[PDB]
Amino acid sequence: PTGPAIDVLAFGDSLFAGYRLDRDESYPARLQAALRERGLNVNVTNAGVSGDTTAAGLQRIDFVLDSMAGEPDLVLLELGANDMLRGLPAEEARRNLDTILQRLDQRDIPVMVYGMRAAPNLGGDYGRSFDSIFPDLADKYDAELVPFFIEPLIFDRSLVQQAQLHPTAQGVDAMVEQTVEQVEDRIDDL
């Protein structure tokens, strides 16, 4: 509440856009409310787009910036999850995020990079290549690194909207290991 207004731009994918949530339930809205509750005179613009890849973010970063009433004081950069989820090459997410950060650096807008994590079913080579993007870029650009901020959703499954669980091949094997003894016993009796 006290002081001049601080403009924060939340630039991201569904985790900022608020997929199947009301606008005032989305991360940018709730973050703003918590900042102001702590006494900061902060306005957070929601520029999340569900489905955005790093490539889609790069295609629109300049237009989003030039559309605001003034240059934002701070950008929250949160992209890459959709790259990883669609199996796009980790090096291409790195390339696009690097260039997004270049355009922000060229305008002297400071950035907080929201780190993302590869889904653990994917290859270890992919996982290393993807996960290292965010600390690597944060160092190169002297951005703050916000770590894996959907970590509480991994701890607490009741915080995530319901969806289908589809096992991998190895997940089916664990399902069999879990049930084969009981099925074997039933078959033994008839």
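Residues carry their position along the shown sequence, with the first being 1.
- Taking the PDB entry as given, 141 to 149 carries the higher mean Cα B factor of the two stretches 25 to 33 and 141 to 149.
- Stretches 99 to 107 and 75 to 83 differ in mean CA B factor, with 99 to 107 having the higher one.
- Ranking 158, 59, 129, 53 by Cα temperature factor from the entry places 129 first.
- Of the candidates 133, 69, 154, 64, the one whose C-alpha carries the top B factor in the deposited record is 69.
- Sorting the modelled residues of the chain by their CA temperature factor places residue 5 in the highest third.
- Remark: residue 177 belongs to the highest third of its chain, ranked by C-alpha B-factor as recorded.
- Looking at the C-alpha B-factors along this chain, the one for residue 44 belongs to the middle third.
- Looking at the C-alpha B-factors along this chain, the one for residue 112 belongs to the lowest third.
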